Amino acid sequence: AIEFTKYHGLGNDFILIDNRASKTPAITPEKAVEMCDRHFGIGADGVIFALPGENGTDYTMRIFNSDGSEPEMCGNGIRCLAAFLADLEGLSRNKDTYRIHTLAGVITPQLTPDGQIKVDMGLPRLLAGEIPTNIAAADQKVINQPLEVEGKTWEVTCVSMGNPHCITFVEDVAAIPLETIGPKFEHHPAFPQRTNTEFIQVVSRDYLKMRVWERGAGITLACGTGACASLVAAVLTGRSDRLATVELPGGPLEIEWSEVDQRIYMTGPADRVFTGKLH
């Protein structure tokens, strides 16, 4: 009886639910796990609810990861949600931007003329207490710091986009055994709320290649918050400029850490795949 629409942003794929009738998400986290199961359910990286606006915003977004946990933001999902909201509003839509309340703060996607969606992702949070991580003291940044993972010491940089990211720079990202090492970062004791983990190969100062092991979702084909965080980490470590393409397994995102307002802007696509109803 549940109607939904399947979207993906660069192959990070989501079940979108019109939840305008209530501030309460209409499916539980447990049911979201069942719906995200790729064989027994619909199959997705997460469920996204289009919820009533709060505190002057146009709408609210909540998301459950495919493990049922509730993260604070999602960039690919915000793009999908903006596309979904435009589809719901149809010819009643009177603007090209939505102000969206999230657990991380207000996030503003803009539907651009060429079909892409450009998102004001807010300010990156750089202090260890904001990640959160215990690698450094709460009031310190975490830049090129050591993390021992199964006896091997990695150099990592942590950044939060509302959610935690642990970024490490590598010579050959395709060679990372991501299915094995990803969970060991995700659940490392240094991360009290777990972390997302990005492996970055710098191709040039404006082009990063990324693979990710996501908190609560595993190997995904793209991660918007993670691409933002990785660009921030590349700037902080002197490896990249503030405007770059981040090439993900599912395709490219354009990331800009603006010198005007110090906010991150992320531009990419959103694709509606199919509409469905649960039996």
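In case it trips you up, residue 1 is the first one in the sequence shown, and so on.
110-118 and 74-82 differ in mean CA B-factor, and the higher of the two is recorded for 110-118. Averaged over Cα atoms, the B-factor as recorded in the entry is higher for 84-92 than for the other of 157-165 and 84-92. Highest CA B-factor among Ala190, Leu208, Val142, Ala174, as stated in the entry: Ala174. When the modelled residues of the chain are ordered by their C-alpha B factor, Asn19 lands in the middle third. Annotation for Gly224: CA B-factor lies in the lowest third of the chain's modelled residues. In the deposited entry, the Cα temperature factor of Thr60 places it in the middle third of its chain's modelled residues. Looking at the C-alpha B-factors along this chain, the one for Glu256 belongs to the middle third. Split the chain's modelled residues into thirds by C-alpha temperature factor. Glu214 is in the lowest one.
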